[PDB]
Amino acid sequence: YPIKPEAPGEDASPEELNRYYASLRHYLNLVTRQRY
């Protein structure tokens, strides 16, 4: 459960949704790796 990934609006589209997507993967990864 990501508290603050990125989150778009309602326009989404395969670029913004994909951006927030990998930002969620970024967020989720770093959230499990709080190493400095």
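Structure's up top.
Description of the structure in this document.

Reading the values: the criteria
Residues numbered from 1 in each chain as written, not as in the entry; some residues may be left out. Heavy atoms only, no water. Helix = DSSP H or I, 4+ residues; strand = E, 2+ residues; numbered from the N terminus. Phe/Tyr/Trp six-rings, centres within 6.5 Å; stacked < 30°, edge-to-face > 60°. Buried < 20%, exposed > 50% of the residue type's maximum accessible area, 1.4 Å probe, protein only.

A closer look at the environment of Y21
Here is step 1: The topology assignment puts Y21 in helix α1 (residues 13-31).
Here is step 2: On a C-alpha basis, the gap between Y21 and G9 in space is 13 Å, while along the polypeptide they are twelve residues apart.

So, the packing of aromatic side chains
Two aromatic rings are characterised by how far apart their centres lie and by the angle between their planes.
Here is step 1: According to the stated counting rule, one finds one aromatic pair in the structure shown.
Here is step 2: Judged by centre distance (6.4 Å) and plane angle (85 degrees), the ring pair of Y20 and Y21 falls under edge-to-face.
Here is step 3: Its relative accessible area of 24% is what places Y20 among the partly exposed residues.

Focus on unusual backbone geometry
What you tend to see is this: most non-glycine residues have negative phi, and most peptide bonds are trans.
Here is step 1: Phi is positive for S13, close to 70 degrees, though the residue is something other than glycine.
Here is step 2: Within the element layout of this structure, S13 appears in helix α1.
Here is step 3: Phi at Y36 is positive, roughly 55 degrees, even though this residue is not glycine.
Here is step 4: Following the sequence through the fold, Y36 ends up in the segment after α1.

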